[PDB]
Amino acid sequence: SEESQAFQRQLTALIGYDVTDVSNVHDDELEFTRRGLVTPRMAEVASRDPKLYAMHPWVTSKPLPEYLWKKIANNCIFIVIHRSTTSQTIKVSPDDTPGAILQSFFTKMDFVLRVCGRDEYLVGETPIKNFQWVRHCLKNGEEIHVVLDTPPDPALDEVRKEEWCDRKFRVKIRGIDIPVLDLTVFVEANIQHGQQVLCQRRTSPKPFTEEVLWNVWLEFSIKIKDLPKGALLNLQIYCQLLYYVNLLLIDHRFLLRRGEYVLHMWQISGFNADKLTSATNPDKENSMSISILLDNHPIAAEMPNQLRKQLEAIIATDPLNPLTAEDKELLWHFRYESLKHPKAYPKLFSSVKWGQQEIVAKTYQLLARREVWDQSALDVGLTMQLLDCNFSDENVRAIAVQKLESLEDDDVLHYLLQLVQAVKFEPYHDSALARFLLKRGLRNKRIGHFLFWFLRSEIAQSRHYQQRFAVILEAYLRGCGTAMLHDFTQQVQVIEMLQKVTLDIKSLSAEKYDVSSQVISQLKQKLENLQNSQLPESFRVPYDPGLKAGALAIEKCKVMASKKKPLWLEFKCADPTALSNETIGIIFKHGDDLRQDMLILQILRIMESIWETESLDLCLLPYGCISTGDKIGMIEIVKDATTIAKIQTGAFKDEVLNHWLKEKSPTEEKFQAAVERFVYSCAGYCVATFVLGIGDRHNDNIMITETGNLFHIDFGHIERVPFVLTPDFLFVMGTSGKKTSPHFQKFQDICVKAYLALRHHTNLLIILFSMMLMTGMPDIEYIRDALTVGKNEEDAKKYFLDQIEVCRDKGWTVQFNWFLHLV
């Protein structure tokens, strides 16, 4: 088809990468995958309920926390329906349906209830208490506003028609070269399974010249028949490590990899997921390469008491605790006793000799008897553990994915970023994991939307994985539907337009922080310019797809007075039934790796949900934030928010935050409401902060809302202090120096509960952390020590309370020091 090519060109624009391109490839794993993924797309496409697919209700099954019950303790809920001019209020039970609500409305005196100002719908057989919008309003003291109108046509979701032996192992190393570069140098070759080195050989070292030829067969200890699926041949270059590259020994059709390869290699920055990729370096003209030859096809009682004790001990340990040789032989010998314990599984499967066919066969036999796994309650931290870089067996990874099926869409969103990054640890482009993302994204539009940007964030920035992630995007976009394709297109254009301006603004003053409004005159011109004949009438807010944004409030846009020169932008909201005028605020910023900011924010969200599970609410404020490309993207602007900094030559007054709060609080009520929140918000930011290692912060980077909510910003690259709890904060808590106050006693009390609530999920956190570093940064011990592993709840409460007081001793000391250390 001719028009099927316009489609493929529309898909390339949206992706920012071309998936038909075979210039940087050496087999067909990508194309085979493009093709393999059709089945699962089509099936979930052919499977999803058109109506609910259009209206994408954002629903949960989790109970309501006691803290939103106390916000409505009379079995009643007020919803307000809107005609066009007129409205009418309604009184409702938290267990009503939107089905049932309407009825009482019509029967008071076909159509559907939609949130005011937002694309967001109250529909489906769910009790109104279980809608997130609703729960957002209750937490926010806000009243629900809704608008009775037509269902969105499910034709708007239409999907285009698609069309489509015992010989030891060896490798010859012919040589290396690079146009430009002198120590000595050798090639180390590694047979790798899940970070585990199975066998290793080196070359002789020879002098580093632009072309280096060895002509040497490298014989390893392993038999061909014993190489396992997912084995990487890992080629490295030392002198010590300068370059690396990887190749799959067994391919996506289970064929032993044969032949001549010339492989363009990656270089080291001056251990993380980039070191694992089977992608070759695209920059063919400047990169180091290496020439290789492969010519190696069929592939395919009781327990004593003290031992069980030792055994269970090992299972009790944390992820990061390494296993002895004895521990592994122990796990593997009573592997059937081990299988009974699903927490054991990671330890057990990293206690397998992946280097032996008979064992591996045994391990498959053992995964057949899986019934205890399959019946266990879904433990996500356990499940994630089996998808990190320590696992590279398809069958082990697949039982982890299986566990994920039972997640509802609401949980998926909590884990989506980190599940998207765990695609970096799969050995083959077509994983169970990828198909799970595909499927879930297609099943639900909210998932699909974030799925898009998560993939595009990396596709647009990582040469190590763009090709893989692109194949997967294409596969999503090819099932998401015309209305969302349209949308994604509006959104991409806008983003593209707005980076041009961000970058161009920057190079008009390198660091003369005084933003002369001569610099601000041009911003205005480029925006109006963009307006009249370029910039789409309206577009979805990427970090909050409920909102559709309209036209730039050009007067309210500025450039911020930073080291970089990020854009402060305010838009009009495109929805007419919006119940307010407040502009939608966005910061576009070149200069920070916002991928890392996404990751920290996302954990932050996980922690709330944790805390939710024990009826705590720390009023974290994890703002929207998306990496769009290389060191560039968007950040959500919180309304009525200011820097602790600005509330103050390194001089720091104590009272001024409380004064600031009282001068923004009209009633005395609202001021106490504000001090309450500040304690909660603060307590939460301090705990989370501590756990992750990002509490030593300058005042620039901590803000507070007019309404008392404190929040940290900008997770750039992170004497000392465990968190920021300065005198200004203490002042507000009505205490100073050595004495105490009820507000401080409360804050201490709240920190404690917050901390060990988190410690009830020590493994989950430890994983997400370790994954974050491997896939988000360019060591982990910190966190385990900060979570105080293996301690009774008292030891811990004591620890964290000592921490509180470290900041008390210090006080301004550190804050001061940033200034001092400027000069």
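Numbering starts at 1 and follows the sequence shown. Between two forms, the rigid core is defined as the largest C-alpha subset superposing within 1.5 Å.
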### Rigid core superposition result in 7 other deposited structures of this protein, more deviant of 71 to 79, 636 to 644 by Cα
71 to 79
### Positional deviation of Cα atoms in 7 other deposited structures of this protein after core superposition, greater for 376 to 384 or 733 to 741
733 to 741
#### Entry: At least a third of the other entries leave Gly270 unmodelled
yes
### Task
Output yes if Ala651 is unmodelled in at least a third of the other compared entries of this protein, no if it is modelled in all of them.
yes
## Note on the structure
Gap between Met109 and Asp110, counted in deposited residues with no coordinates, falls in the class 10 or more
### Task
Classify the number of deposited-sequence residues missing from the model between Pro778 and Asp779: none, 1 to 3, 4 to 9, or 10 or more.
4 to 9
### Query
For the C-alpha atoms alone, is the average B factor greater in 511 to 519 or in 216 to 224, going by the entry?
511 to 519
### Per the entry, higher mean C-alpha B factor between 382 to 390 and 367 to 375
367 to 375
### Query
Which one of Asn581, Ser406, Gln192, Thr280 shows the top CA temperature factor in the record?
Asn581
### Query
Per the entry, which of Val92, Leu276, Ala361, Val687 tops the list for Cα B factor?
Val92
### Message
Ranking every modelled residue in this chain by its Cα temperature factor as given in the entry, which third contains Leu148?
### Response
highest
### Task
Can you work out whether the C-alpha temperature factor of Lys206 puts it in the lowest, middle or highest third of the chain?
highest
### Query
Within this chain, which third does the Cα B-factor at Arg41 fall in: lowest, middle or highest?
lowest
### Task
Would you check the entry's CA temperature factor for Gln236 and let me know if it's in the chain's lowest, middle or highest third?
lowest
### Message
Please place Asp544 in the lowest, middle or highest third of its chain according to the CA B-factor in the PDB entry.
### Response
lowest
